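Listed below are the residues making up each chain.
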There are 2 protein chains.
Amino acid sequence: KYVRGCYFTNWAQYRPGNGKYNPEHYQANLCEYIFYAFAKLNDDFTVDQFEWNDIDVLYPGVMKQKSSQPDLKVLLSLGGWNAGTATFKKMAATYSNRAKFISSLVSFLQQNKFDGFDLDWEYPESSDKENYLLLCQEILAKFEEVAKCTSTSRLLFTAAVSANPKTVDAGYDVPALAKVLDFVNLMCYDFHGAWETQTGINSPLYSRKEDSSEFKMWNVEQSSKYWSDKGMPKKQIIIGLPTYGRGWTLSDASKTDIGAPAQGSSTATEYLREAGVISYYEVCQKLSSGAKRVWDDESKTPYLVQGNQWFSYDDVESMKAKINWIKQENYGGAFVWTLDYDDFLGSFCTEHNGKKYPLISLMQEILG
Amino acid sequence: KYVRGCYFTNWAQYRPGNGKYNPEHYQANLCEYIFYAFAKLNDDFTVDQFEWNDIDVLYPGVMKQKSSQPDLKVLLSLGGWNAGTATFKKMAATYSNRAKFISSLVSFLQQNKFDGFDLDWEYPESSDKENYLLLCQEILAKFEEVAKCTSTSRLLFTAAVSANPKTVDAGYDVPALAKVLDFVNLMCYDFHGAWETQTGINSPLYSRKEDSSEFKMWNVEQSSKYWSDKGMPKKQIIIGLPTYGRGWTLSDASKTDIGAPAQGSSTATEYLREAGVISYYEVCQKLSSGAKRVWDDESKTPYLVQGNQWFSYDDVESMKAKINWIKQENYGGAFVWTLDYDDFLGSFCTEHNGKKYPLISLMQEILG
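Reading the values: rules and limits
- Residues numbered from 1 in each chain as written, not as in the entry; some residues may be left out.
- Chains lettered and ligands numbered in written order.
- Heavy atoms only, no water.
- Helix = DSSP H or I, 4+ residues; strand = E, 2+ residues; numbered from the N terminus.
- Rg over C-alpha atoms; globule rule 2.2 N^0.38 Å.
- Buried < 20%, exposed > 50% of the residue type's maximum accessible area, 1.4 Å probe, protein only.
- Contact = heavy atoms within 4.5 Å.
- Areas by Shrake-Rupley, 256 points an atom, 1.4 Å probe, with all protein chains shown as cover.
- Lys, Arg positive; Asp, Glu negative; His and termini not counted.
- Charge placed at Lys NZ, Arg CZ, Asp CG, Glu CD.
- Axes fitted to C-alpha atoms, helices over the stretch in contact; angles between N-to-C directions.
- Parallel < 35°, antiparallel > 145°, perpendicular 65-115°, else oblique.
- Left-handed = near helix turned anticlockwise from the far one by under 90°.
- Nonpolar A, V, L, I, M, F, W, Y, C, P; charged D, E, K, R; others polar.
- Core = buried A, V, L, I, M, F, W, Y, C linked by side-chain atoms within 4.5 Å.

As recorded in the entry header, the structure was determined using X-ray crystallography to a resolution of 1.7400 Å.

Novice: Could you clarify how one ought to interpret the overall build of chain A in this entry?
Specialist: Scanning chain A from terminus to terminus reveals 10 helices and 15 strands. In terms of C-alpha radius of gyration, chain A reaches 20 Å, essentially the compact-globule figure of 21 Å for 368 residues. Based on the C-alpha atoms only, the size of chain A along its principal axes is roughly 65 × 45 × 40 Å. In chain A, buried positions account for 58% of the 368 residues. Contacts in chain A between residues far apart in sequence, at least 24 positions, make up 73% of those at least 6 positions apart. Summed over all atoms, the accessible surface of chain A reaches about 14400 Å², with 47% contributed by carbon and sulfur. If the 38 positive side-chain charges of chain A are averaged to one point and the 46 negative ones to another, these points end up 3 Å apart.

Novice: For this particular structure, what's the right way to read the packing of helix α3 (residues 95–111) of chain B against helix α4 (residues 129–150) of chain B?
Specialist: To characterise two packed helices, one gives the angle between the axes of the helices and the distance between these axes. Residue and element names in this part refer to chain B. Taken N-terminus to C-terminus, the directions of α3 and α4 make an angle of 45°; their axes are 10 Å apart at the nearest point. Here α3 is positioned oblique relative to α4, judged by the angle of their axes. For the crossing formed where α3 meets α4, the hand is right-handed. Judged by residue contacts, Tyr95, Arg98, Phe101, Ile102, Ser103, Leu105, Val106, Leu109 and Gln110 of α3 engage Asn131, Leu134, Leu135, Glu138, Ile139, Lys142, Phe143, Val146 and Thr150 from α4. Considering only residue class, the contact of α3 with α4 consists of 11 nonpolar, four polar and three charged.

Novice: What is the right way to read the nonpolar core from this model?
Specialist: One broad rule of soluble globular proteins: the nonpolar side chains tend to lie buried together. With 116 residues, the main nonpolar core has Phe101, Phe117, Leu119, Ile239 and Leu339 of chain B as its most contacted residues. When sequence neighbours within four positions are dropped, the list of residues in contact with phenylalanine 117 of chain B reads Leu75, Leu76, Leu78, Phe101, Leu105, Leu109, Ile139, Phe143, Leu156, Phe157 and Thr158 of chain B. Judged by nonpolar contacts, the second largest core, of 115 residues, contains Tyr7, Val62, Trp325 and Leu359 of chain A.

Novice: How do you make sense of the environment of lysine 129 of chain B when you look at a structure like this?
Specialist: All names here are of chain B. As for its position among the elements, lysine 129 is in helix α4. The class of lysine 129 is partly exposed, set by a relative accessible area of 31%. For the pair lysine 129 and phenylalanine 335, spaced 206 residues apart in the sequence, the C-alpha separation amounts to 25 Å. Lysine 129 has contacts with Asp169, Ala170, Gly171, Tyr172 and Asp173, leaving out every residue within four places of it along the chain.

Here's what the structure looks like:
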């Protein structure tokens, strides 16, 4: 039995044309859990919607999906990269601060009919290690208290967690968190990207011989193993699968290997409009335009070259390898970041004969 | 500004052919409140599903309708005519018994995602008047405590109540109940039926000059006015609207007036299969077969004659008069018993050009 999770994002509504992603684009039985990114943590530690139409439109639209998938669970995620850590740090620092946050959170979850809560603090530091654990222990205790009122099933509680072993060491009490979190969404991606001066793999399954020694742990296999070594049971370790890629502008268009020199991020793409990233469906458009694809069998990922633009990304072949490896190694399951980067219409790519969600469907197909 | 309620019944799934009623037959915005008839009160005072597929199929099927109507509220009803009063009487007799029931009910409501509770004890007698009020005060108190315990909006709490002024006098502390019930569903129907040896009107809007004095209050106008006179604010009095009729077999096929002698109940009909009752859509079937309709302008209701079969029923004209009257007198709103007696497929009646719910649609159309 495997967890299959999927992140919905409340800013994908702003993509133009056929990139615009609405709750109704979800397909029944793709995911057992949808994680809603993101709510907002106010300065006064209360919780509220982040986008103007979360409560009135998008939350109900996502909850609607339970009509064709009765087992679907929808959790609210809080935090993320852009939110930073300053407010989390102060909120977790005292019992009174944490109690105020937990009270606001529980009311927000109940009023909006969520099934659980996904804590995406990116990331707790050494100074936060104790406070982060207390926060998690007190969230679970509250959720249990709420369930005891009526003998109902309790809200779920998960967390998205760093794949960097040094970060894991500093911020997480792993054996203690295993008793309190239902599972952890391992963020084993963004290992390399436009912040570096040479091309590299966003989410390699295995290390490559040409990896420098400092990066030998910076892959799916070793990052997940580290969490297991630190005391997290494998069934609680959920492997993260990106449906986006990261891109560079090459210094030299004749040097296109992994590790080739770069002069900066890739040019912002048509739908994501953000330098240095690309969606899978945008990759399909570039392939139709004649972009060159290379399969890197060592890491089990492809990369794309179009002129001086170079992207590391994930596709059906890399997802197949990774999801089969999840079964083989008996980790807890998979989750995808995000629903809205796949070919969710089936019309952006030609090679899948119009199949919707050619990437994300693989979870149900292989693990289901 | 006006309550619009509708009763769903969990035995309408057993009617044949186009009489079979499924939750997906509900039409968005017909009702603001759906009342689910009925749960089961066990001998030990605990609450449970009545039909084998309530929890597994029908409850979530009704809840699904919130997807196309986000403001829909679904309440669970307990009691009804066939349940009788024996268990209610024992359950309400002591604080201990009521607390066991209330704890069981609150758990059942929250486990099954109900928005509220509708108490249909038919009917508290003089020996129950104090216990009935205590039961209602304690239900509301628990609902308020549960709301704080689980950080949710409190469950709604209604009751379906007698329209017989003698029964109201004996069983209901009307000013005290107004303080704890959100509103009352006035059962201003079944005033006359096959238990009587002569024909009469199921739910007359007004009294008729030929009514004997014993029945001067047995109509919508006076029974609702009585609840008002007894201390229930008009905005808490919800006027009941039947979508069924009641029938007799005439003693003399040449004597077809209101008050004509009868020798027994009407023959059981094709879909309801219960002697003495008929659905509106079954009346439509008989109108197509040449039955005679008579409009009684005094009561603002029609009756149907077909051979020696005689039915008092309600139709678009009687519903129009009653619902427009509700607005004129500023009562609290209307409710229909039941969704499954209307022409809910639009397949039985011809005078409405295939309109679904020709009767029940009038609530939305007139009360807004």
